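Engineer: my complex, first installment, coordinates as in the assembly:
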Amino acid sequence: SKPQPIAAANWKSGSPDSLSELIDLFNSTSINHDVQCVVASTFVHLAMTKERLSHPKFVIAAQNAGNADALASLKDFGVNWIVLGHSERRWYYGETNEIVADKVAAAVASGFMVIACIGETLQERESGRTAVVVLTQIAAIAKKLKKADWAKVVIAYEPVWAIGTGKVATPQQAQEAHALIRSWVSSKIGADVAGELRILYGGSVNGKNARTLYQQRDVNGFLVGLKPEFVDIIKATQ
Amino acid sequence: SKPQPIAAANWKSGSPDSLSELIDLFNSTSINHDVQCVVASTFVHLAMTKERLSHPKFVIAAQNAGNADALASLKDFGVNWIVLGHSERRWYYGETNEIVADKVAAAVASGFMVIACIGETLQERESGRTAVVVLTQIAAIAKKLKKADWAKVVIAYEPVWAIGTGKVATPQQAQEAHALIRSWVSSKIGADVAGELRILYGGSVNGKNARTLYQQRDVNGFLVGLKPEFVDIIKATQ
């Protein structure tokens, strides 16, 4: 019943050696279930990742593409995945709902698989606005898409409200949010689309609480930071 | 006598683990005098610093806010300090005196404590224009502020004449610059504001010059790189 899960991890910082070491680890990870793993890299590290990463269940993603030429350069380089709408961009780089929506449509048009992030802030959640905020964010994206395009879309629910707090969302809070999103998709886009849609939990987690989160009916994977424990996150989607 | 000193450290680069370990160091550091410690982060590291850093004498600062939305996201995230007009902004990104002044005024308006950086090049210094250059930079900032706003302002002198050319300024050179800045603030803004103003030294600081630098009449602390030796930089402000 659940579609194919996705485990996706973002580079933050550190030496080329620290990255090549992770790549070696992932190349040597035997994964027995069907899962798409995604290593989202910064531009400066795409060359080394393309050079060293080779695993049948791993693809490379970009974290950003600031112009049409960048998208085209990524595709020419064999990078077919991209992460869009992450809170860092929305918070600090002026990326409104509409800007994010336009980027998703552009990337889809270019033939990217897109992991599109949505999520409400602390202030938004506490004023009881989780539903309106998150559904407004996905509505904006859907505005610029056709029904067929959804096969190229993955949604990450980023519990922006929990960033920096040291607390993972309970499986109940995560399920509620993922459920909220799927219901909107089912009703506004299509029951077929909703069933096939991957909705990833984009809060940080360890392997233990990731397993429990994955037991939730509307959780289809994770978007986390790149580190050795990403192997545990992959296994959590079994 | 001197106002409360400030010891402020800037993240440069390295892995999330490296930052984590530094946070562990600072959390366990005993500080027995009145000093405001500041850790200036890049966006990507703000989440871990908020999550892990907890010392009564430490606050978190941003290094940039490129737009109005970014200032607001920072404030909502509980980031109440910002460093503006630092050498990268002025000499790589070309922020003019006016752009810096506008940023300082906007941040103050939004409730931030601002560390505003000023400093002259070797061409400026060697051609006898240290005073006109440095004081013109601060004059641009002052134009956009009211007298009451100075309680939310901190000045940092970055001797880019030395930094950019491989020199280490002496305590005498640091003092002369700080004294120039203080006399300007005294003259233009008020002797009250001048006596209360923190002017931090932002040149090359090591374990042997830190105390002599702090003991200069017009130095009120430091703007330096984040390193384990920051503990000793803090100690030098006692």
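Structural biologist: Arrived safely. Numbers count the residues shown, from 1 in each chain, chains lettered A, B, ... in the order given.
Engineer: stretch A:64-82 near chain B anywhere?
Structural biologist: No: Stretch A:64-82 lies apart from chain B when judged by C-beta under 8 Å from any C-beta of the partner chain; the minimum separation is 12.2 Å. C-beta here means a position set from N, CA and C on the backbone, and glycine is covered the same way.
Engineer: neighbouring contacts of that stretch?
Structural biologist: Here stretch A:64-82 makes contact (C-beta atoms under 8 Å, 6 or more residues apart in numbering or on different chains) with A:38, A:40, A:43, A:46, A:50, A:59-63, A:89, A:103, A:106-107, A:110-115.
Engineer: what is the subsequent helix or strand relative to the helix or strand that contains residue A:50?
Structural biologist: Residue A:50 belongs to helix A:43-52 when assigned by DSSP states H and E. As assigned by DSSP H and E, the chain's next helix or strand after helix A:43-52 is strand A:58-62.
Engineer: would you mind listing what in chain A touches chain B?
Structural biologist: With C-beta under 8 Å from any C-beta as the criterion, chain A meets chain B at residues A:12-15, A:18, A:88, A:91-94, A:121-123, A:163-166, A:225, A:227.
Engineer: out of those residues, which are inside helices?
Structural biologist: Mapping the residues of chain A next to chain B onto helices (DSSP state H) picks out A:18, A:88, A:91-92, A:122-123.
Engineer: I'd assumed residue B:15 was in contact with residue A:15.
Structural biologist: Yes: taking contacts as C-beta atoms under 8 Å, residue A:15 lies within contact range of residue B:15: 7.1 Å.
Engineer: comparing the two, which residue is more hemmed in?
Structural biologist: Between residue A:15 and residue B:15, counted using other C-beta atoms under 10 Å in any protein chain shown, the more crowded position is residue B:15 (16 against 12).
Engineer: list the contacts of that one.
Structural biologist: A:13-15, A:18.
Engineer: so which residues of chain A form strands?
Structural biologist: Under the criterion DSSP state E, chain A contains strands at A:6-10, A:36-41, A:58-62, A:81-84, A:113-118, A:153-157, A:199-201, A:221-225.
Engineer: format these as CSV; extra columns: mean neighbour count and distance to residue B:34.
Structural biologist: Shown next, in CSV, are these (neighbours: other C-beta atoms under 10 Å in any protein chain shown; distance: least, C-beta to C-beta, whole Å):
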stretch, mean neighbour count, distance to residue B:34
strand A:6-10, 25, 40
strand A:36-41, 23, 44
strand A:58-62, 21, 47
strand A:81-84, 25, 44
strand A:113-118, 24, 42
strand A:153-157, 25, 44
strand A:199-201, 26, 44
strand A:221-225, 24, 37
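Engineer: list phi and psi for the residue sitting furthest away from the middle of chain A.
Structural biologist: Going by C-alpha atoms, centre = their mean, the residue of chain A most distant from its centre is residue A:127, 25.8 Å out. With angles defined as degrees, to the nearest 10, residue A:127 sits at phi -90, psi 10.
Engineer: how near is it to residue B:73?
Structural biologist: Look at residue A:127 and residue B:73: by C-beta to C-beta, to the nearest Å, they are 16 Å apart.
Engineer: check residue A:168 too.
Structural biologist: As judged by C-beta to C-beta, residue A:168 and residue B:73 stand 22 Å apart.
Engineer: add chain C to what we have:
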Amino acid sequence: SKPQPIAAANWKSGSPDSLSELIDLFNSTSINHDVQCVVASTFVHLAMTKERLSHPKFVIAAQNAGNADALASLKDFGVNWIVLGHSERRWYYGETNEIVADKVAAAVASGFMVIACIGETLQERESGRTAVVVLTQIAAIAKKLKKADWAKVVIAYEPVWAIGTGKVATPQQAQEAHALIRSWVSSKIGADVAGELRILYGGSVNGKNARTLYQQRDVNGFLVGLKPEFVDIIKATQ
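Structural biologist: Just below you will find chain C, in place on the chains above:
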């Protein structure tokens, strides 16, 4: 005969300490032959490298430019060399042949020594367009220069087609690229300019491969990653 070679290294990422240890290594290295060594980094690392680098055959470069208008201020900060037109900028940051040309000319007029990167993609090489692409890129640069400016210019042939493939161009492949560039410079700019022009091999290479590459008639050095093995790259220009 061959002009003075250049050995240039780009710092990728990682902690200040890791870079500082490399600077220590470089400082203790005898380099007996006539060669200009270049260490290029992002802006944040300039302070440390300026402070600590002592080797008399090394200079410090900025890893790229921001806007062409901000090159003058970066010169005044104290940077004397710059790398422009690197594939990363052309691919991801919208730097067309003409934007690269404008930056090169602006850097020269501000008194920089410039390493200007040119090279064709895998798609361009496969389609038989190595010469047209590379010569179009260098033609654009030349259009904004005068003959006297070439004394301040260095070309890096970046084998962009090989990026991410883990393979180095063969000496035959590198020589062919460098020779067609020089041939164009000789005819279009001047024989003497072409004789004095340094054309660097701008792909990562190790000591042994570098030594064989440097044997080629039109190879005048290297633009590579900043790592311990950079000492062997320098030695390979003997």
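Engineer: re-run the earlier check on the contacts of stretch A:64-82 with chain C in the model.
Structural biologist: A:38, A:40, A:43, A:46, A:50, A:59-63, A:89, A:103, A:106-107, A:110-115, C:91-94, C:121-123, C:163-164.
Engineer: in chain A, spot the helix with the most residues.
Structural biologist: Ordering each helix of chain A by length in residues (DSSP H) puts helix A:171-188 first.
Engineer: list the buried residues of it.
Structural biologist: Using 16 or more other C-beta atoms under 10 Å in any protein chain shown as the burial criterion, the residues of helix A:171-188 that qualify are A:171, A:173-175, A:177-178, A:180-182, A:184-185.
Engineer: just to revisit the earlier point, ok, the helix holding residue A:50 near chain C or not?
Structural biologist: Yes: judged by C-beta under 8 Å from any C-beta, helix A:43-52 comes into contact with chain C at A:43-47, A:50-52.
Engineer: tell me the angle of that helix relative to strand C:221-225?
Structural biologist: Computed by axes from the mean of the first three to the mean of the last three C-alpha atoms, to 10 degrees, the angle separating helix A:43-52 from strand C:221-225 equals 90 degrees.
Engineer: helix A:43-52 to strand A:58-62, inter-axis angle?
Structural biologist: 160 degrees.
Engineer: against which helices or strands is helix A:43-52 packed?
Structural biologist: helix A:16-27, strand A:58-62, helix C:87-92 (3 or more C-beta pairs under 8 Å, 6 or more residues apart in numbering or on different chains; DSSP states H and E).
Engineer: neighbouring strands - and their directions - for the second one?
Structural biologist: Paired neighbours of strand A:58-62 in the sheet (DSSP bridges): strand A:36-41 (parallel), strand A:81-84 (parallel).
Engineer: ok, which of those strands comes nearest residue C:34?
Structural biologist: strand A:36-41 (39.3 Å; C-beta to C-beta).
Engineer: by neighbours, which of the residues of helix A:43-52 next to chain C wins?
Structural biologist: So for those (other C-beta under 10 Å), the most neighbours sit at residue A:46, 25 neighbours.
Engineer: what sits against it?
Structural biologist: A:60, A:62, A:77, A:79, C:164.
Engineer: residue A:149 too?
Structural biologist: So residue A:149 contacts A:105, A:108 (C-beta under 8 Å, 6+ apart).
Engineer: how about a cut-off of 6 Å?
Structural biologist: Going by C-beta atoms under 6 Å, 6 or more residues apart in numbering or on different chains, residue A:149 touches residue A:108.
Engineer: how close does the residue nearest to residue A:186 when sequence neighbours are not counted get to residue A:100?
Structural biologist: Nearest-residue entry for residue A:186: residue A:194, 3.6 Å, with adjacent residues in sequence omitted and distances by C-beta to C-beta, 6 or more residues apart in numbering or on different chains. Using C-beta to C-beta, we find residue A:194 at a distance of 21 Å from residue A:100.
Engineer: who has more neighbours, the two?
Structural biologist: Remark: of residue A:194 and residue A:100, residue A:100 carries more neighbours, 22 against 19, as counted by other C-beta under 10 Å.
Engineer: from chain B, how far off is the more buried one?
Structural biologist: Using C-beta to the nearest C-beta, to the nearest Å, one gets 13 Å for the distance from residue A:100 to chain B.
Engineer: same deal with residue A:41?
Structural biologist: 14 Å.
Engineer: touching, that residue and residue A:9? I think so.
Structural biologist: No: if you go by C-beta atoms under 6 Å, residue A:41 and residue A:9 don't touch, sitting 9.9 Å apart.
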